[PDB]
């Protein structure tokens, strides 16, 4: 049965973990997968998470299955983060949320729900985007088409190209938008641009799917949701796949949410019964631990205050690392102007290193980035900054 199966290529992002682990050299520097590291180059459990976990250990009295859509309080806290307290979507009961195993899980649930229950055949994704978007949608049987997004010469959102790419999208196609911290470019629409896209997609009949994996890492929780809220105000229907992996440092507990929005509560409840059927046929019901930590934190004033300050701390450290990286490249002799990096949002720097420069950085210098040239700025520290920049300068 299996004699003839050809090997899959290693994953361009997660596959780096294997190579990095196998590299026995001591000065290695990991700027690959999008995890946060603190000033010591560690990814600790957040203190608010440990506190919540201690509370759960003391107070949980069963592991009985959650509902297919997960913890109700988790869904309500998620909708409030996405749409804002007092949102009409919430008041009108127009949104249903399933807790999912990670943002990836939420994208797969959305895709299977769309493929089985609507006329959707194609999803439009930005070029460039996270490489696993294509894989997830294709796995559900949906075609993926790309829309232009990035002007590499000026390091800006090429809004005219984006518009004119999307003119090929038909009514009823899905268009995927990253909510904030575009991966990999770090370049987000301004609010006015978000508003322009909202009106365009209503006019053109696109179904918006927002990916929201980095809420809080661009400017802050509420500001980062402004683009999604501009869409929510204009559309009867949309879907949001959101993750708490990064903003709670809960990567391996798989905590995400798929939120379905429709014109009214009768419609969303009917549609949502098919999303639950899709989940049941996939992983049955979602893992409680990480979601219960998030719900415990978000629903407790003290834990929430601790957590929101930890999120602010991560965002500000990454911003300090952006400045230091730009400053140190200059000092180590780069010559090129890299100041555009300071303006990028989120964990990454997309600096125009070629695939061969990235390969050379790994093989010769033990510095690990993704082949697209995406670098995890959140993996930089004052101690590894000098060697990292010396290596980059050496490959330029």
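Positions refer to the first chain, counted from 1.
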{"property": "Segment of higher mean CA temperature factor, 138-146 or 84-92", "result": "84-92"}
{"property": "149-157 or 171-179, whichever carries the higher mean Cα B-factor", "result": "149-157"}
{"property": "C-alpha B-factor winner, where the candidates are 318, 209, 278, 200", "result": "200"}
{"property": "Residue with highest C-alpha B-factor in the PDB entry, from 73, 313, 112, 222", "result": "222"}
{"property": "Relative C-alpha B-factor of residue 336, binned into the chain's lowest, middle or highest third", "result": "highest"}
{"property": "Third of the chain's Cα B-factor distribution that residue 368 belongs to, per the entry", "result": "middle"}
{"property": "Ranked C-alpha temperature factor of residue 204 among modelled chain residues, by third", "result": "highest"}
{"property": "Chain-relative CA temperature factor third for residue 165", "result": "highest"}
{"property": "Chain thirds of CA B-factor: placement of residue 326", "result": "highest"}
